[PDB]
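Participant: Dropping in the first section of the assembly, placed as in the complex:
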Amino acid sequence: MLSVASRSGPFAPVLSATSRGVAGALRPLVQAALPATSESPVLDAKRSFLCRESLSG
Amino acid sequence: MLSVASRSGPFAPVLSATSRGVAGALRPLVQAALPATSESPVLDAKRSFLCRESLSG
């Protein structure tokens, strides 16, 4: 039967021995950026550098 | 009417100027050292060991 990425919810974590570690099966709560002054939280590790755009194209 | 320290087990903490800060009214659950091995807490911020028993005059 289905997974948990369908029926968003359960969060999921991803690790890369070559790219940036991630979490997100469901954590973006989209439309939550609409609220003004949602200042972007500066990542300390500064990961997801433009979603690892470096060498992607 | 009576106090916290008479018939009750809440806390009091104490801060001094020349002696060592403490905090307890119930705290010591005694009769737990005749059943063996309850070890004194190891400190990284040293505190009173005798709580000024020195300088007795």
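Facilitator: On my side now, so go ahead. Residues are numbered from 1 along each chain as shown, chains lettered A, B, ... in the order given.
Participant: what residue lies at the spatial centre of chain A?
Facilitator: Centre of chain A computed as the mean C-alpha position; nearest residue by C-alpha atoms, centre = their mean is residue A:24, 5.0 Å away.
Participant: OK, contacts around it?
Facilitator: Going by C-beta atoms under 8 Å, 6 or more residues apart in numbering or on different chains, residue A:24 touches A:11, A:12, A:14. All C-beta atoms are positioned from the backbone trio N, CA, C, and that covers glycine.
Participant: Neighbours of the last one, how many?
Facilitator: For residue A:14, the number of neighbouring residues by other C-beta atoms under 10 Å in any protein chain shown comes to 11.
Participant: That one against residue A:23, yeah?
Facilitator: Yes: taking contacts as C-beta atoms under 8 Å, residue A:14 lies within contact range of residue A:23: 7.2 Å.
Participant: burial count for residue A:40?
Facilitator: By the other C-beta under 10 Å criterion, the neighbourhood of residue A:40 contains 6 residues.
Participant: who's in contact with residue A:42?
Facilitator: By C-beta under 8 Å, 6+ apart, the contact set of residue A:42 is empty.
Participant: Compute the distance from the centre of stretch A:21-34 to the centre of its chain.
Facilitator: For stretch A:21-34, the gap between its own C-alpha mean and the chain's C-alpha mean amounts to 6 Å (C-alpha atoms, centre = their mean, to the nearest Å).
Participant: Another chain to add, chain C:
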Amino acid sequence: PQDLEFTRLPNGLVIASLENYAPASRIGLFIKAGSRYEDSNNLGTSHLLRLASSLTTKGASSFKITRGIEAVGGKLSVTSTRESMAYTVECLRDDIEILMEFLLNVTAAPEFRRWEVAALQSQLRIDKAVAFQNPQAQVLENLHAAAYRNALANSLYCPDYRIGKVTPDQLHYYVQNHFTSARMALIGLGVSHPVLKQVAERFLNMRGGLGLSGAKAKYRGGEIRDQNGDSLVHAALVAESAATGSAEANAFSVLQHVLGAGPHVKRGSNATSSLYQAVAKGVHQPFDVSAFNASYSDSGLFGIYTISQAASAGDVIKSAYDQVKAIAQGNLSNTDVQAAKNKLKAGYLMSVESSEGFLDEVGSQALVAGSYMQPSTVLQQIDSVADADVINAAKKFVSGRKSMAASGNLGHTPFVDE
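Facilitator: Alright, chain C goes in next:
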């Protein structure tokens, strides 16, 4: 063509190889492991296993794994959840047979050496602090702790007292009891079938059985509060609903899209969200509300999820709870069910377009059910959901024992009995 081949081996291993004619390939290995299967003594062993993929194994050192994979431009990556783990490799077509022998060394014969595990313990603190810069990550770990007594309350990240203490003997024990043959699925996307079969007969030599059975999850109706200095209040309010692979599970999926479960138009006002329009009548301040829905093998959680300012967190949760009450007492139009069946069918087909979304879905179906069903079968089951099942799912929510988790400045958040 050749839509999927599908074999179940004698030791319960499921192989599924599809032959596209794309220049790139992708190989997955999907295992039944995860936080669910750890008890109170070895908490955090699954977070350390996730970080230890490019350490020394019995067939390739930690230099040759990093250098041999970067030489051809490949990737190696691990994704896990509360109920499964997934190892995934990828390169171009002619390079696929060397990145496939590395993958069977990372997961089937690892060596946990002392000085490498000890140097790895500082990575647990880095990975947990990266994940927890999002407020949605810890509110959802708290919510599983407030909803269960065991076996689904364990977090995906290691607890703070336990960092520095996960031992090499505990990692050897988690793989020896949970990475077995009858809990695994090998899925390939640019490979032929008889070569993926000849790869899989190189870990038959042991771990051919079932593994440590998982305790059943007991529902606790709890409440965990977390005062801190964040600007907004994140709050979740759920109840127990339905396991995956049941007739009632599809109706909670349809009820999720009736209420409103995400966006469709960039900077849109969510006009077909009954949850969002009910809240926004009286609330004029920045907020966000959604329907939460999680589904696991023996239980699931359905409820709401709000993000709001701290002085308005009571008005937002109360408005988003009266609207679910309006559905359970019969106020349910017929075109609202039909517009919600489209979003559930369309989103299932857009989720399977990529090579990672397709390989995700085939891996979940091989672990949960042991078969593959075409997306025409799945699209029929969504259209068989009646209006008498959307109402009998909002009745199970309204009369069920609740659970809660919150974060922020909690001076105006209601308590779960209030």
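Participant: once more on the neighbour count of residue A:14, with chain C this time?
Facilitator: Applying other C-beta under 10 Å, we find 18 other residues in the vicinity of residue A:14.
Participant: Do a quick rundown of the helices in chain A.
Facilitator: Listed from the start of the chain, chain A has no helices (DSSP state H) to report.
Participant: do the strand ranked longest in it and chain C meet?
Facilitator: Under DSSP state E, the strand in chain A containing the largest number of residues is strand A:13-16. Yes: with C-beta under 8 Å from any C-beta of the partner chain as the threshold, strand A:13-16 lies in contact with chain C, specifically through A:13, A:14, A:15, A:16.
Participant: What residues does the stretch 51-200 of chain C have near chain A?
Facilitator: Neighbours of chain A within the stretch 51-200 of chain C, by C-beta under 8 Å from any C-beta: C:51, C:53-54, C:65-66, C:69-70, C:75-83, C:126-127, C:129-131, C:133-134, C:136-137, C:140, C:156-157.
Participant: could you list every residue that touches residue C:227?
Facilitator: Residue C:227 sits next to C:408, C:409, C:410 when contact means C-beta under 8 Å, 6+ apart.
Participant: Name the helix or strand for residue C:197, please.
Facilitator: Taking DSSP states H and E as the criterion, the element that holds residue C:197 is helix C:193-199.
Participant: helices and strands around that helix, which ones?
Facilitator: strand C:14-17, helix C:99-106, strand C:184-188 (3 or more C-beta pairs under 8 Å, 6 or more residues apart in numbering or on different chains; DSSP states H and E).
Participant: here's chain D, drop it onto the model above:
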Amino acid sequence: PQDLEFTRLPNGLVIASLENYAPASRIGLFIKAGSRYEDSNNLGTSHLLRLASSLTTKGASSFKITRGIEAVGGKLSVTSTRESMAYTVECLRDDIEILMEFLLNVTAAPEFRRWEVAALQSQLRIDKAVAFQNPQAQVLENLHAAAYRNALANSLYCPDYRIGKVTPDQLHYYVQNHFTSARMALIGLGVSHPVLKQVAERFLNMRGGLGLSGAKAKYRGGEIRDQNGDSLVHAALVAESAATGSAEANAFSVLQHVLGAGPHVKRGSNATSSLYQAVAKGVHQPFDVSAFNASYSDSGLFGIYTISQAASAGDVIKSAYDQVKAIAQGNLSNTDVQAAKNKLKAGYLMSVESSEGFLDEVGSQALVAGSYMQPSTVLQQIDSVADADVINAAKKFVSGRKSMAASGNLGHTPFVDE
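Facilitator: So, slotting chain D in with the rest:
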């Protein structure tokens, strides 16, 4: 002789002096202030006020307070609880008039300067980590958070997110609204009466009224669990009982000593403890059990408290709960009530021997009731408690909604519904 003099001033200030002829003196100032009176925005302001006694005031600098008091061998000290604060000075008899003008500068005209408060913020982290090397300190802060929704759930120590953020404007506001005339008591032990009167007319100039009161405490029956790496499990299980200054409050005090509330013989077997003997029938491993009893102005908590090994924490709490059930259904001997009235009367008289235990008791009675009663009055009220009141106090515990807090390896601790 002259057992106590007792005056209530026109602005509700209570002065009480006893003239002994001892060479040393002691002066106290007792205020209705404490963690109870802070809301959700200024948590931890009372822990910082406790640490700021030897900072610069309007009449003596921080050099002259430290040097002027150490010159004559004096002491200055602050003790607070959830419901009160107490400032106490002491020296020899001829030195008492200079340590009394310092005390009225620390508490009645302080100046909270920026760079001194900012340098003081690191002391909050030192004091909290010193107190929390005892496991009893955080289990009891958790237990008040699991038992109340407000106003008695606030901890005595500042929360971790809030260290570094307590401002000078918040300290100015706590003292301006809670350190008022009609909430204070000035008690002297080696001083005459008309000189303590002429000291107290040096803060009449303002703060002559009632001050910001505390919201009534609402009972929440909750449960807070705390997994960590300590060796033993500390667990507490209470219910709501009775405020102080009532007829039912003395019966919970008598029931506390029937069950067993501490030791009398060094290295003893607690032979007159009905709680301790009931647990120790089946449990042969190291443990400790007691009766907890706390009492405040509008509520109180009565229950049990165990310390045990982690695999035995269920057997210990279950045995220590059947014994309270045996009392509420009538099994109560007559000599057990009489042996318990002795420990409650004897312990009250040994608590008033010292000069600090005496001055403690006179300060609590001036804030709670506004009068002083001799220890012959108190000893009669204990002997008027009947056997029909010890039973009707164990009935209120057994049928009341519970609360819990635990710490340690919690894999075998029961849940509050189990």
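Participant: Repeat for the contacts of residue C:227, accounting for chain D.
Facilitator: C:408, C:409, C:410, D:40, D:43, D:159, D:161.
Participant: at 7 Å instead, please
Facilitator: Applying C-beta atoms under 7 Å, 6 or more residues apart in numbering or on different chains, one finds that residue C:227 lies in contact with C:410, D:159.
Participant: And it, how close does it get to residue D:153?
Facilitator: Noted for residue C:227: a distance of 11 Å to residue D:153, by C-beta to C-beta, to the nearest Å.
Participant: Equivalent analysis for residue C:120, please.
Facilitator: Between residue C:120 and residue D:153 the distance, using C-beta to C-beta, works out to 40 Å.
Participant: which one of these two has more residues nearby?
Facilitator: Neighbour tally, residue C:120 and residue D:153, criterion other C-beta under 10 Å: the higher count belongs to residue D:153, 21 against 15.
Participant: ok, now which ones touch that one?
Facilitator: Contacts of residue D:153 (C-beta under 7 Å, 6+ apart): D:144, D:145.
Participant: Could you give the number of residues near the closest residue to residue C:361 other than its chain neighbours?
Facilitator: Among residues not flanking residue C:361 along the chain, residue C:352 sits closest, at 5.7 Å (C-beta to C-beta, 6 or more residues apart in numbering or on different chains). As a burial measure, residue C:352 scores 16 neighbours (other C-beta under 10 Å).
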